[PDB]
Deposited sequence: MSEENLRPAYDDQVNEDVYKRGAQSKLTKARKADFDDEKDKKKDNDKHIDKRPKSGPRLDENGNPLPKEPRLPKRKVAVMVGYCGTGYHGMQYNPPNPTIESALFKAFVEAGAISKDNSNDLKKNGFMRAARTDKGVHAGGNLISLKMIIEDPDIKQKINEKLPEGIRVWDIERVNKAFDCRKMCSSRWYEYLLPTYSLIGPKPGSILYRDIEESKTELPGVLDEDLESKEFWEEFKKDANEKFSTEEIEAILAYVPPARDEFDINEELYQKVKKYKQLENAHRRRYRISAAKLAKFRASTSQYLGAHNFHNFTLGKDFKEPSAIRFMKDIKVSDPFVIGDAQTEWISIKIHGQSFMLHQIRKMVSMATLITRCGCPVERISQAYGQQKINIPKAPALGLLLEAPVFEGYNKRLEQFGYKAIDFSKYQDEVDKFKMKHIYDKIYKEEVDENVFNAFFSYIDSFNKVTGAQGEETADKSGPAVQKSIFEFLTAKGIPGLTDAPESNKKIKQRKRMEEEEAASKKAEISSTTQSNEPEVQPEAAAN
C-alpha cells in the first residue's frame, strides 16, 4: 500500500480529554484518533501533520481538521475508524488534499459557539465584595439594578420560610447538611430564573460592541498595546433568543461568534467580559475602553460551554482548480453534525452544568476577588 496525504474532518466532545493537540501521557482527542487509526488499519507505527484549531481542555467541536498521510485504499475505512472510536468522537469524511495545503496557514475564518445559562446575568449577591463595591458607587449615580434586586429579595424571602434564622454564613453532620441544602436552594432559585428582554438587550449590545477590527490585548494572556498580534477582526456575532432545555428546565442562550483568527482563551475572555458588564450594569461603552490604555485582568469563562462550530477555508477553496480536488466545506455535513451535537455535546453541557456546577462556581468566585476596578462605575 502506498502513502497518500489526506484531510480528516472530525467532531468530538471535549469533556474527558486534555485538548485537541497531541500531548501524552494525558489523553487527548488526537491520541484517541491515532489509537483508532491503527485499530482500523490506516497508520503504520513509530511516529510522525497539522490541525485547524488547537481547542483547549474540555472545549468541544462540531468541526475540526487534521491532515496526515494514510492508507486510504479500503472502500469501508471511515466506518471502521468510527467503529473503533468512542461514541464521543466521530469522523465525518476523509477528503484528499494537495502538498501545498497547510491546515494552520490556510484557515480563513472560524465559527465558534458558546452556550451560557441565563442566570449568569443576575447581579452579585448582597454581602459579596462586588455588591458592596457597586454599593460604594452610591456617590456617582452609573446604573441601577431593579431586576436582580427582586430576585435576591425573593430568595431571601424563600430562605426565611425554609430556614429559621440560622446564621449559616459560616463554615470550614447536619450543619454541613444545612449549608448544603441552602446552597441547593440558591442553585434551584438560579435555575428557575427566566431572563427579561432588557438584560438580553444589554448583553446583545455588548456582543455587538465586540464587532469589527480592534486591539484585543486585554482579552488574552499575552503582550500589551505595542504588540502585533493584539489586533484582530470579528465579522459576525449573534446572541440567540433564550430557550429552556433539560430535566432541570434551565434557561440557556447561544452566542455564535465568527472571527478571522483568535488568541489564547480570547472567546472565553470576551464572553466573561460581556457577562461582567451586563451583570453589575456598567456602561456598555466600557467594553470599548477595554481596547484602550489601561490594561485590565478579565478571567476567562468556563470552557464547558465553548464549542468550535467549524473552521473556514476560503483561501484554499478559491485557489482550487476546477477539477481534481474538492473544496473544504463543513456545511456539507450539517445533518450528522447536528445530530451528534444534540446528542453528545449539548446534552453533555446541560448535564455537566447541572452536576459539576461550573457556571455557579464561576460567578460565585467573581464576587470574591482585580476586575472590579473596570465595572465599578469608575475607571
Regions of the deposited sequence not represented in the model: 1-71, 120-126, 220-222, 254-266, 464-483, 494-544
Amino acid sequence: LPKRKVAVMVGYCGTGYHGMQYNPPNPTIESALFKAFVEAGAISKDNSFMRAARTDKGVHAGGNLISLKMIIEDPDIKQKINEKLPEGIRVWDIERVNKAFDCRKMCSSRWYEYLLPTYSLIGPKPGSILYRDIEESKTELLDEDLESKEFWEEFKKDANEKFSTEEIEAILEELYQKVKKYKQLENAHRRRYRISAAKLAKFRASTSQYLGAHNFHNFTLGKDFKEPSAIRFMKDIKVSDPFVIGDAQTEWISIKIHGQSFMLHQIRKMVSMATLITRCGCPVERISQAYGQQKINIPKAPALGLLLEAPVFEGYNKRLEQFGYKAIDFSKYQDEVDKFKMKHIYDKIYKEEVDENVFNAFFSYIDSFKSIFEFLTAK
From here on, numbers count along this sequence of modelled residues.
Which is higher on mean Cα B factor in this entry, 159-167 or 185-193? 159-167
What stretch has the higher average Cα B-factor here, 263-271 or 226-234? 226-234
Checking the record values for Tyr333, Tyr316, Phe340, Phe34, which has the greatest CA B factor? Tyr333
Between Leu146, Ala205, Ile257, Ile296, which one tops the list for C-alpha B-factor in the PDB entry? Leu146
Lowest, middle or highest third of the chain for the C-alpha temperature factor of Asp247? middle
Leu175: which third of its chain by C-alpha temperature factor? highest
Third of the chain's Cα B-factor distribution that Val284 belongs to, per the entry: middle
Is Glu321 in the lowest, middle or highest third of its chain when residues are ranked by C-alpha B-factor? middle
Sort the modelled residues of this chain by their C-alpha B factor and say whether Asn360 lands in the lowest, middle or highest third. lowest
